[PDB]
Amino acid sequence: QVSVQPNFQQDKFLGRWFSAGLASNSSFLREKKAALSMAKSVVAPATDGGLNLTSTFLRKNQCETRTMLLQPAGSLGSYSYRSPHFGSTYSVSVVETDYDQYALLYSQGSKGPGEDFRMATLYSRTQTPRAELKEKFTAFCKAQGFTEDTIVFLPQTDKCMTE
């Protein structure tokens, strides 16, 4: 069902990415769509062969950090995320990437209260992705059945982007 980047090279997907686009079926996210902001995500190899994703972003008047272990899930580019707080499991796939400019990610709830969740994410190596890259994201979101009102390009913040 979910496309995973052919011949995915985990060693080339590491380092700093910015979340520049988001689309989801979460009513909660839809309702604060306007208040959502760009996050800075750092990808590093995890001790289990998968990836650690550490994201920092501005919410209210403070920088928040979140860490996510992406465990290998059967093929390179396909991962599983298990929420420590809600026991929910999600499939996370790197659908398409050129490693030095952009990545398209797709996440799907599998088990638990988050089971019906689905989300597409645009990762960019810079805070200002070219229009063509934003086209690839819009096109992916539409094809996957996300509607125009749930697709957002996350505006940059002047905070929580450092180190």
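Quick note: we count residues from 1 along the sequence shown, nothing fancier.
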Read off the CA B-factors in the entry, average them over 13-21 and over 149-157, and name the higher stretch.
149-157
Look up the CA B-factors in the entry and say which stretch, 24-32 or 107-115, has the higher mean.
24-32
Taking the Cα B-factors listed in the entry, which of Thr138, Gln101, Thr65, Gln127 comes out highest?
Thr65
Max C-alpha B-factor within the set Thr47, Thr121, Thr97, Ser55 falls on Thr47
Third of chain Cα B-factors occupied by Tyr79:
lowest
Tertile call for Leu133 (CA temperature factor, within chain, third-based) is the highest
